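Positions of Cβ are backbone-derived with ideal geometry, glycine not excepted, and every protein chain shown enters the neighbour counts. Taken together, the values in this text are just the output of simple stated rules run on the coordinates, not laboratory data.
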Amino acid sequence: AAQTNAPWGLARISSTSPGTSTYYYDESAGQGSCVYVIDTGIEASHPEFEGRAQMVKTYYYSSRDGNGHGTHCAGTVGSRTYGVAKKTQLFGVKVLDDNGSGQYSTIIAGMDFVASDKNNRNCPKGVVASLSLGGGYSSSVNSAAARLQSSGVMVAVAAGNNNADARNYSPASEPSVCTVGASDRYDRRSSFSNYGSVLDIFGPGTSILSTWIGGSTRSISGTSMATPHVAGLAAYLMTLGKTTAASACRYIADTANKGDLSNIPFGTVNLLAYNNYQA
Ligand SMILES: [Ca+2]
């Protein structure tokens, strides 16, 4: 399949070079996989989700996304126009309030929720979780992310937006999950992107067009935006049978575009997520 005039990040994920505008992908498009978006919620009624999105849990007085950031992330995972895996099922877990904040205890509860909840869903091709959030180092937060991964969920987490070593942030610093840095359309490390040995991969994170609340769309930037590209890619690859939740991060790194990013600090991987799709 070919989607012309796609957002730059989608085009980048299916290209060996920057500067193109068509997204190429296998028509299976993540069908039979599921992705949990653990965030401010998802506006499931957005036409872009085509009935494939649903809220499954909230820790607040509503499951509505009153912020937009969860909806944006979900759109990059699996919306018809803005998504990597255009046929995946999307499950929203609202651990962040409408200001985008959340107590670590709530975030941890949300991760343990997903580890159990997947047993209540039909995801024959596999399960992914996208965590576009983080804070200071916490062994408890890292342990929760590790449990989620261990349970058989491909966990992708944002590296963080501090232009600093991600070793000091959680869940970014958890070794067993897939920690995602951000790049821009000219293959530069995004100016705000964290880095360090704990990073596994980079994805598009600067000026990313996706869904927003009120049935709208929006371009925003962050490692929060890079993470769902990788989560969607994992779901897509699992549907193709190329990899599994336990090995998807390794597979993505193995098949990434290598050495193509600029301003990657010595000691950080120079790897950009790539679907290796040959039309
Ligand atoms: Ca890792």
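Would you tally the net charge around residue 264, using a Cβ to Cβ cut-off of less than 14 Å, leaving residue 264 out, and scoring K and R as +1, D and E as -1? List each step's numbers first, then the result.
Working: positive: 188, 189, 258; negative: 165, 184, 187, 200, 260.
Every neighbour counted, the sum reads -2.
Would you mind checking which residues have amide H under 5 Å from residue 160's amide H? H placed 1.01 Å from N; only 5 or more apart, or other chain.
Amide H neighbours of residue 160: 194, 223.
Between 234, 164, 144, where does the largest GNM mean-square fluctuation fall for the chain, given springs only between Cα atoms within less than 10 Å?
Largest GNM mean-square fluctuation: 164.
Starting from the amide H of residue 155, placed 1.01 Å from N in the peptide plane, find each other amide H under 5 Å away whose residue is 5 or more places distant or on another chain.
129, 178
Mind computing the radius of gyration and Dmax over the alpha-carbon atoms of the chain? Å is fine for both.
According to the Cα coordinates of the chain, Rg and Dmax are 16.3, 46 Å.
Near the amide H of residue 165, under 5 Å away, which other amide H atoms are found, from residues 5 or more places off or on another chain, if H is placed in the peptide plane?
Distant-sequence amide H within range of residue 165: 195.
For the range 1-75, which chymotrypsin sites (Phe, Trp or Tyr not before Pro) pass both filters: DSSP loop (anything but H, G, I, E, B) and at most 14 other C-beta atoms within 10 Å? Present the calculation step by step, with values, prior to reporting the outcome.
Details: sites: 8, 23, 24, 25, 36, 49, 59, 60, 61; in loops: 25, 59, 60, 61.
Listed in order of number, the matching sites are 61.
Using θ = phi - 60° and the Karplus relation 6.51 cos²θ - 1.76 cosθ + 1.60, list the HN-Hα couplings for the range 66-78 in order, rounded to whole Hz, with x at every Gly or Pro.
Karplus values, whole Hz, x for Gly and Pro: x, 10, x, 5, x, 5, 5, 4, 4, x, 6, 5, x.
For the chain, list the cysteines whose Cβ sits under 4.7 Å from no other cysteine Cβ?
So, 73.
If you count, for each residue, the other Cβ atoms within 10 Å and average over each peptide, how do 72-85, 147-160, 123-136, 252-265 line up from highest to lowest? Please report the intermediate quantities before stating the final value.
Details: 72-85: 29.8, 147-160: 26.7, 123-136: 24.3, 252-265: 16.4.
Per-residue mean Cβ counts within 10 Å order the peptides as 72-85, 147-160, 123-136, 252-265.
Between 219, 7, 88, whose Cα lies farthest towards the positive end of the dipole of the chain when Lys and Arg beta carbons carry +1 and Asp and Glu beta carbons carry -1, centred on the Cα centre?
Of the candidates, 88 comes out farthest on the positive side.
Compute, for the chain, the length of the dipole vector about the Cα centre, with Cβ point charges of +1 (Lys, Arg) and -1 (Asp, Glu) only. Units Debye, rounded to 20.
On the way: 20 positive and 18 negative charges, 60 e Å.
Roughly 280 debye for the chain.
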